[PDB]
């Protein structure tokens, strides 16, 4: 059974990890603290790599990750689970000030851009997806995340599923990927480093999480329509994100470790994901366990209201996935 109220004892819940989830966590924390002043919530934006590692090591109570744990992670770390909190997405941003259209791009073109074989933005493979668009001769400058990143996990899972015989074979997917060192290529720290690095030089392309889409567009960056394997091209939004997630509401597993990249929904946006709390089913004492249960239950309920999630363009958990999260939260003991 879920704990609905936190312990009356003062309890500090510490979080670290996903910069995609970080801005929303900085709304969840104070509101829950404004309702329960004895509960302290701290948050850091360090990437899903650090979120998983520190949660596993027990340095924080909540590891924030856009990537589910591998079975090796669950085998190596007893009692560690990923609990879905909300649905996010990822856009591809680019620096092309002379083009007003939302350029259409897919995994095979993005893979070639990141592999260095598509060198200019007017390459015929790009024009083929955008007929009649004034593509310039500007060089393609592919940016990737330097730190271990859940965004890198999503993006390379997209490249692998759309290019299984190429990128899928090498360099594959993961929070850390051996991106090719093609001219111009740079690694940027955090989502904020991708926004600023993409805005720094015309021609840059960067995979950026949707909680940073407002900041990206305010810097004049373009926002791409991404293609799914059904052949359609989608902007990230309520409809296409809900349509893709609805394609994975039914088949969502009990442990919630599922990829929703490039889903079967023909109108589904191909880069969506669950936002995970990487937590352990044993906290240090009973009061922390109760308060952690209370905070997590609050976040998938009152914290999933649009007044929170619209500020980062996230989508709520469907009711079936809500009950699945409650089941994992209920096992949080001491």
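Numbering follows the first chain given and starts at 1.
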TODO: Quick one: say whether 234 to 242 or 140 to 148 has the higher mean Cα B-factor in the deposited entry.
DONE: 234 to 242
TODO: Going by the average Cα B-factor in the PDB entry, point out whether 272 to 280 or 294 to 302 comes out higher.
DONE: 294 to 302
Task: Identity of residue with top Cα B-factor, from 112, 205, 249, 224 - done: 249
Open item on the list: I'd like to know which of 180, 79, 184, 166 has the highest C-alpha temperature factor in the PDB entry.
Closed with: 79
TODO: Among all modelled residues of this chain, ranked by Cα B factor, put residue 59 in the bottom, middle or top third, i.e. lowest, middle or highest.
DONE: highest
TODO: Pull the Cα B-factor of residue 255 out of the PDB entry and bin it into the chain's lowest, middle or highest third.
DONE: middle
Open item on the list: By the recorded C-alpha temperature factor, relative to the other modelled residues in its chain, which third is residue 65 in?
Closed with: lowest
TODO: State the tercile, meaning the lowest, middle or highest third, of residue 30 with respect to the CA B-factors recorded for its chain.
DONE: highest
- [ ] Give the position of residue 101 by CA B-factor within its chain, expressed as the lowest, middle or highest third.
- [x] middle
